[PDB]
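As structure tokens, one chain now follows by itself in the form deposited without 4-nitrophenyl phosphate.
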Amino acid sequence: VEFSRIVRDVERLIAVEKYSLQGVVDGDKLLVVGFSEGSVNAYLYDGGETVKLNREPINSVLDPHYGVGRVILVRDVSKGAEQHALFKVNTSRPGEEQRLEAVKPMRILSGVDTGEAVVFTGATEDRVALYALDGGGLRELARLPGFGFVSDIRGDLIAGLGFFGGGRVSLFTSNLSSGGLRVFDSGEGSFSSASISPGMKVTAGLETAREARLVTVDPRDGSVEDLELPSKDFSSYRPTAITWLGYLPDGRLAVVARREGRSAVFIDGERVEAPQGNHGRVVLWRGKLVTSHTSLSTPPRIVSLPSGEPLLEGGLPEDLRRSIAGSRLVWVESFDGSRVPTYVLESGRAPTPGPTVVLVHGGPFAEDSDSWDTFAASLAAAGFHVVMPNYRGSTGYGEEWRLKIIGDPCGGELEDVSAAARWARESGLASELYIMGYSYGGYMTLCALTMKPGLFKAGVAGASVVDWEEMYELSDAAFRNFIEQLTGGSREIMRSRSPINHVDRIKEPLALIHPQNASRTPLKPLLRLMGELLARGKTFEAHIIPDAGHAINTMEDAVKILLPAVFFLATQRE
């Protein structure tokens, strides 16, 4: 088909600037970070115009207290390095950077700038520690028992989140003046967000096996109670996650919470009209609410609420814009009676019924939400509708649903994926069906083509697992433990659920995209698969790529990993 058009469109989708809202600084300017093709810059936004604060690209910026007249840039000390330096920029003098020399190179994990002290967590060779940098120099407030993140500061009280053991995220506090550490264990749940009330309590999002709650943790005694808000929109929403929360300067509590792959914005419990998708932090700016917004049809952008009008968004050309046309959540009926929550991104370049890709997510412990995805957008741009099923094993729909995969790889979850394909069929969406996925999704491609021949017209398997038994034996102890958990410790399940053992059954074209030198997705087992495919007469395409990396950031990453899947599907279509 139209190869150069697909490439031009992929270039634009890769290059589109994506924005996140960091806070309000200086006198009522938005601090926003923009990401374009693996390059991060920080900006002041003030009504139409953006002004870049940093010189060379950065990693991130620390969280500013409302109105502070400076920004703290976090920047990799080397190309790719996992160690950082801190640089201050005065908001009145953008582009002029002052290296914070008192802070040696370390892995900067998080931070908040009070305007009087930069309070941050960092990992060195020796430790993870909470630090404060002020006029007198650098102080270590506390050593932390593992990775921790500062969430908020009000006066001398510091609140944060810690991966301090037990499998879940604890809350912690420290004191700006005297340091120390107080940890508040999350019990059956896991803390997701925290902000300090004007009354010096820690409001926190506490995610659980089912619904998330908003709790008040008293830092004087560790008492935890459900926090009741003046408006009951938030509690009647029944969130499963709490993304972020924060007190606004007027003392009202802003909460962003999620359920079923989309978020909602609340101010003192009252829900605010917001564009469908997912949202980030909320600020009050010139007396109006502002957030970031993303969806399957919309790259991360800054919007005004309640209108949803974009204040800052990357440009896509009209033609590409119209190709990526609208997302929706459908509950697909599987075999169990179970209902598989499935996102659908419609293509403006495909008729209905049209060519449809079931794009299976990796993990498996991950979620397909209504959030911008370069892969789904590229497929839509190339004239495919995209179906993204949260097969059992997925996160975002409670622990019971995630746990269903355990013991049963290439079982119920493959039935869920197949259920989503039949639904695409059964609803009038799909004229023809393809499967594509990476990581566990690549494994699902192979499982589909082996266990459900005739379901899909062709399949793309990226960074797939081909044989659990071999993998278990090749692997490091972390990955070995996962394989042991997934398979229920049965060598018999390792074998029967391994697609290399069922190559005879494949009847459809298969494209393999695979890293040449990735430690946890090794090439040898894939060479075996290809040998098995060739021996048994099967149509296959293969692309073996050195240094594939682990995110599609640049056009080069896309050309290596995404383009071959798209060109392969486009040629299989016609």
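Just count from 1 along the sequence shown to find any residue number.
The discussion below concerns the form solved in complex with 4-nitrophenyl phosphate, not included here.
In summary, among the residues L138, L329, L305, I483, the only one with a non-hydrogen atom within 4.5 Å of 4-nitrophenyl phosphate in the entry with it bound is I483.
Taking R55, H543, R520, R70 one by one, only a single residue has any non-hydrogen atom within 4.5 Å of 4-nitrophenyl phosphate in the entry with it bound, and it is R520.
Just one listed stretch, out of 335-343, 352-360, 464-472, 196-204, contacts 4-nitrophenyl phosphate in the entry with it bound at the 4.5 Å heavy atom level, and that stretch is 464-472.
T450 falls outside the set of residues with a heavy atom inside 4.5 Å of 4-nitrophenyl phosphate in the entry with it bound. 4-nitrophenyl phosphate in the entry with it bound is not approached by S295, whose heavy atoms all lie more than 4.5 angstroms from it. Contact annotation: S439 falls within 4.5 Å of 4-nitrophenyl phosphate in the entry with it bound, judged by heavy atom distances. In the entry with it bound, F479 approaches 4-nitrophenyl phosphate with a heavy atom inside 4.5 Å.
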